[PDB]
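Before any comments, here is the structure.
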Protein chains: 2
Amino acid sequence: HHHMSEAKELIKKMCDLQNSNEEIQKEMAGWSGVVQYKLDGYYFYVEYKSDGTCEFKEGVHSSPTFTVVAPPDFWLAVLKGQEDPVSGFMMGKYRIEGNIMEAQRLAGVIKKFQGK
Amino acid sequence: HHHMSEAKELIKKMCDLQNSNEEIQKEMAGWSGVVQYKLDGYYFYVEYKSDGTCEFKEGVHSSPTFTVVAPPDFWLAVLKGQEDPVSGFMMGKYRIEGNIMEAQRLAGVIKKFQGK
């Protein structure tokens, strides 16, 4: 049964798995932010908390770290490891709004030269 | 003596310091990419190698990971820790072209749910 909300449902399942798994939480800890998704009309976001837990939220956040705008079938395939999001991005299979991660990467590299 | 190429000269000094410092290299290791700078007419880039070393290059790379387009005086202040690039970005004090880092962040989070 093919249906367009499967990608959303899997992101939700993965939030439940993240919040239930002590090892994933430790790997995600140390960062806070919000990823907004727009999958053909389905609007939802995941808030990531610095304790490595997260929260799946319906709708649209007024100020996310970044936004993924993608076809649901392609995003599902990405979620299941059938498709690469880096290479997919380079080829234009979806789009991204937001550069705060580039800015944070810059800030962190600069940090290492502080006092030298 | 105020002059517009000081920010560039400091990035160059920091590449020399990175390549001379065993501890910064270990912190930078594991990632490869290219950051292109455009500071009022000064075009130069830093290639980051996965061994944590780098290379300062004159001109323009045909395909960078991302590009920083900023006023040189503001970028100098950022380099010296007098100005915050994250908050600076949010306020529109400079701009960034490229979203590959958002894409890589997505790929890495997805990785943790592989086989679960």
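Quick note on naming: the chains in the structure tokens go A, B, ... in the order shown, residues restart at 1 in each chain, and ligands are numbered from 1 in order of appearance.
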
Between chain A and chain B, at 8 Å or less, what are the per-residue closest atom pairs and their distances in Å? Count only C-alpha atoms, order by chain and rising residue number, and return it as CSV.
```
residue,atom,partner,partner_atom,distance
A:14,CA,B:113,CA,7.2
A:24,CA,B:112,CA,6.8
A:66,CA,B:102,CA,7.5
A:79,CA,B:110,CA,6.5
A:80,CA,B:114,CA,7.7
A:81,CA,B:114,CA,7.3
A:84,CA,B:107,CA,7.5
A:85,CA,B:103,CA,6.1
A:86,CA,B:103,CA,5.2
A:89,CA,B:103,CA,6.9
A:90,CA,B:100,CA,7.8
A:96,CA,B:99,CA,6.5
A:97,CA,B:99,CA,7.8
A:98,CA,B:99,CA,7.3
A:99,CA,B:99,CA,6.4
A:100,CA,B:86,CA,6.7
A:101,CA,B:102,CA,6.3
A:102,CA,B:101,CA,6.3
A:103,CA,B:86,CA,5.2
A:104,CA,B:86,CA,6.0
A:106,CA,B:85,CA,7.4
A:107,CA,B:85,CA,6.2
A:110,CA,B:79,CA,6.5
A:112,CA,B:24,CA,6.8
A:113,CA,B:14,CA,7.2
A:114,CA,B:81,CA,7.3
```

| query | Which polymer residues have any atom within 9 Å of an atom of region 43-46 of chain A, counting only C-alpha atoms, with same-chain residues fewer than 6 positions away left out, as a PyMOL selection string? | reply | chain A and resi 8+11-12+15+33-37+54-61+64+67

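CA of residue 72 (chain B) lies 28.0 Å from CA of residue 29 (chain B).
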
Excluding residue 71 (chain A) and its own-chain neighbours fewer than 5 positions away, which residues fall within 10 Å of it when counting only C-alpha atoms? Please give them as a PDB file with C-alpha atoms, in the first residue's frame.
```pdb
ATOM      1  CA  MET A   4       2.585   9.793   0.774  1.00  0.00           C
ATOM      2  CA  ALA A   7       8.228   9.216   5.232  1.00  0.00           C
ATOM      3  CA  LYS A  38       8.012  19.990   4.103  1.00  0.00           C
ATOM      4  CA  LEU A  39       7.136  16.800   2.210  1.00  0.00           C
ATOM      5  CA  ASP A  40       4.541  17.674  -0.450  1.00  0.00           C
ATOM      6  CA  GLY A  41       2.158  19.439   1.905  1.00  0.00           C
ATOM      7  CA  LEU A  76      11.336   7.756   2.310  1.00  0.00           C
ATOM      8  CA  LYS A  93      16.576  15.902  -5.837  1.00  0.00           C
ATOM      9  CA  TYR A  94      15.459  18.107  -2.967  1.00  0.00           C
ATOM     10  CA  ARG A  95      16.235  21.406  -1.363  1.00  0.00           C
TER      11      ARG A  95
END
```
